[PDB]
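Structure record follows, encoded as C-alpha cells.
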Amino acid sequence: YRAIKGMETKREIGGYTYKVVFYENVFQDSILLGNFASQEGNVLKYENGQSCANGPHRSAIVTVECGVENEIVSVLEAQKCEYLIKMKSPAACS
C-alpha cells in the first residue's frame, strides 16, 4: 500500500526545485509535475500530476541514458505541459 521511493534526485531549475522520486513522481518545489505510471524503455513517464492551467495535466518524462551518478541535467517544458527531464544514473544500466 506504500509507494517505494528511489534515490530522490533534486535539482534547482528555473528557481524551483525539481525532485525526481523516480518510482513515485516528480515535483517542482511543491507543484507536482506528473506521477509514475509506466517505464518505457529506460525512460520513465510521469503524468496526471498537478494541473498546468495553461494546458492539460502536467507531465514529466525522465529520459535516462545511465551514467556514473544520478543527477538532473536539465528539464524543459517542450511538450504539452510535459516536462522533459534529462538524467542519468548507474542504476539505470541493465
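Ligands are numbered from 1 in the order shown, residues from 1 within each chain, and chains are lettered A, B, ... in the order they appear in the C-alpha cells.
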
Determine, counting only C-alpha atoms, which protein, DNA and RNA residues have an atom within 10 Å of an atom of residue 86 (chain A); residues of the same chain fewer than 4 positions away are not included. Present the result as a count of residues only.
12

Please give the complete set of residues from chain A that DSSP, run on the backbone, assigns to strand (DSSP E), formatted as a PyMOL selection string.
chain A and resi 9-13+16-20+25-28+31-40+43-48+59-64+71-79+82-88

Output file for the selection above: C-alpha atoms, as an mmCIF file, in the first residue's frame:
data_model
loop_
_atom_site.group_PDB
_atom_site.id
_atom_site.type_symbol
_atom_site.label_atom_id
_atom_site.label_comp_id
_atom_site.auth_asym_id
_atom_site.auth_seq_id
_atom_site.Cartn_x
_atom_site.Cartn_y
_atom_site.Cartn_z
ATOM 1 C CA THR A 9 17.237 13.359 -7.257
ATOM 2 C CA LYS A 10 16.718 17.032 -6.695
ATOM 3 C CA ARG A 11 17.985 19.970 -8.608
ATOM 4 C CA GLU A 12 17.104 23.618 -8.934
ATOM 5 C CA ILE A 13 15.971 24.531 -12.415
ATOM 6 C CA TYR A 16 12.315 25.784 -8.357
ATOM 7 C CA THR A 17 13.447 22.512 -7.016
ATOM 8 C CA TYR A 18 12.786 19.578 -9.205
ATOM 9 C CA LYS A 19 12.540 16.388 -7.274
ATOM 10 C CA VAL A 20 12.580 13.081 -9.012
ATOM 11 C CA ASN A 25 6.726 11.191 -9.085
ATOM 12 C CA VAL A 26 8.417 14.477 -9.869
ATOM 13 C CA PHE A 27 7.803 17.836 -8.258
ATOM 14 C CA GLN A 28 8.883 21.390 -8.641
ATOM 15 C CA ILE A 31 3.990 21.582 -7.603
ATOM 16 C CA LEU A 32 3.508 18.057 -8.813
ATOM 17 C CA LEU A 33 4.556 17.622 -12.447
ATOM 18 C CA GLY A 34 3.440 14.076 -13.009
ATOM 19 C CA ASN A 35 3.181 10.643 -11.432
ATOM 20 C CA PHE A 36 4.925 7.481 -12.178
ATOM 21 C CA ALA A 37 2.694 5.466 -14.404
ATOM 22 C CA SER A 38 4.934 3.485 -16.657
ATOM 23 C CA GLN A 39 8.515 2.841 -17.510
ATOM 24 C CA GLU A 40 9.066 2.837 -21.210
ATOM 25 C CA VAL A 43 12.585 6.365 -19.846
ATOM 26 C CA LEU A 44 10.133 6.866 -17.040
ATOM 27 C CA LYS A 45 6.840 8.572 -17.708
ATOM 28 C CA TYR A 46 5.013 10.551 -15.059
ATOM 29 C CA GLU A 47 1.542 12.073 -15.759
ATOM 30 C CA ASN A 48 -1.813 13.016 -14.096
ATOM 31 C CA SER A 59 3.518 15.513 -17.077
ATOM 32 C CA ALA A 60 7.152 14.662 -16.633
ATOM 33 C CA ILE A 61 9.236 12.419 -18.765
ATOM 34 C CA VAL A 62 12.583 11.333 -17.393
ATOM 35 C CA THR A 63 14.980 10.329 -20.055
ATOM 36 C CA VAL A 64 17.769 8.320 -18.582
ATOM 37 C CA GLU A 71 21.784 13.921 -11.489
ATOM 38 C CA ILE A 72 19.242 16.155 -13.093
ATOM 39 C CA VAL A 73 20.991 17.680 -16.038
ATOM 40 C CA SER A 74 18.127 19.756 -17.411
ATOM 41 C CA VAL A 75 14.342 19.974 -17.539
ATOM 42 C CA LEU A 76 12.448 21.527 -20.407
ATOM 43 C CA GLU A 77 8.779 22.181 -20.990
ATOM 44 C CA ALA A 78 8.822 21.236 -24.640
ATOM 45 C CA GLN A 79 5.772 19.097 -24.825
ATOM 46 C CA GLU A 82 5.077 17.835 -20.219
ATOM 47 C CA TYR A 83 8.456 18.362 -18.781
ATOM 48 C CA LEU A 84 11.421 16.661 -20.349
ATOM 49 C CA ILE A 85 13.741 15.570 -17.631
ATOM 50 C CA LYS A 86 17.224 14.745 -18.744
ATOM 51 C CA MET A 87 19.076 12.429 -16.322
ATOM 52 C CA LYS A 88 21.470 9.631 -15.865
#
